[PDB]
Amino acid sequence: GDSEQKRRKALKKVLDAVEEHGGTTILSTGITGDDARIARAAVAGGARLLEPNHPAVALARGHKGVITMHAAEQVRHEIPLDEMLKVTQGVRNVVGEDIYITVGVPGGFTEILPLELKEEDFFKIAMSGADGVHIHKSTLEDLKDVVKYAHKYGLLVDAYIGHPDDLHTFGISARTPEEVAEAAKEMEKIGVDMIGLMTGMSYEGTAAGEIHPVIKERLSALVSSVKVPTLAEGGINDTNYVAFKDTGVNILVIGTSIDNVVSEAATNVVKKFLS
């Protein structure tokens, strides 16, 4: 069908990028996800997968004066779905059909206020040009509902595993490496198209250039448990990128580190013009 051919083309984009980049590619997010100028710039640097999302758009629009990612996360559900549809379509307009776009929308994460996505909304997301939805729901039953509607409208789902003690949940809870593997396998059976692990916790005593052994072991459990493409999201920067890649995970979700470099470039050029 039409949904079917669409999803097959979309997965090929992801598989091609993984291959092109030697087994690990990047899901470029933050400002590269929502601003059409910077999305194009990211693609010019080799990015093949982009992720516009609602907290980043809150930051871009100065929603409620938020100036940190953390503050933006707390108001992300206030960004209307229509705004994400406009952003997604705008980015698609400029990067063309070969780039992969997965969108974070209000109601697509575990929100702090219960926004329910309706079937209608998945149709709208597909009509806006997204290839997928970036999902941080925190129960398997919620993921089943998301997968059903996403697949109906020709969208792929990338969804995540987190830790039960996370202050703000960003996925299916897994306390131990064994539970990470079990959660990944269940998510694969449900039909989640790409499965990731939240890896952003900062540990005391992490050796320079390395990832903390707790995270590495959790990632290993994900990487070796499923056949679908795997992701790591959170805490990835240029000092530990290779350490993340060494785990064999297929996609590194990178936003903050890129935001920081782009922001600093702007600060420095203004500083130069003024001096």
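Residue positions are given as counts along the sequence shown, with the first one as 1.
Asks: Would you determine, from the values in the PDB entry, which of 198-206 and 125-133 has the greater average C-alpha temperature factor?
Replies: 198-206 has the higher mean C-alpha B-factor.
Asks: 88-96 versus 111-119: which one carries the higher mean Cα B factor per the record?
Replies: It is 111-119 that shows the higher mean C-alpha B-factor.
Asks: Taking the Cα B-factors listed in the entry, which of 53, 250, 68, 28 comes out highest?
Replies: So the option with the highest C-alpha B-factor is 68.
Asks: Can you tell me whether residue 254 has a C-alpha B-factor in the lowest, middle or highest third compared with the other modelled residues of the same chain?
Replies: Middle third of the chain for residue 254's C-alpha B-factor.
Asks: For residue 263, does the deposited CA B-factor place it in the lowest, middle or highest third of the chain?
Replies: Within its chain, residue 263 is a middle-third residue by C-alpha B-factor, going by the deposited values.
Asks: Check where residue 153 lands among this chain's C-alpha B-factors and tell me if it's the lowest, middle or highest third.
Replies: Top third by C-alpha B-factor.
Asks: Tell me, lowest, middle or highest third: where does the Cα B factor of residue 193 rank within its chain?
Replies: Residue 193: CA B-factor falls in the lowest third of its chain.
Asks: What third of its chain's C-alpha B-factors does residue 164 belong to: lowest, middle or highest?
Replies: For residue 164, whose C-alpha B-factor we compare with every modelled residue in the chain, the answer is the middle third.
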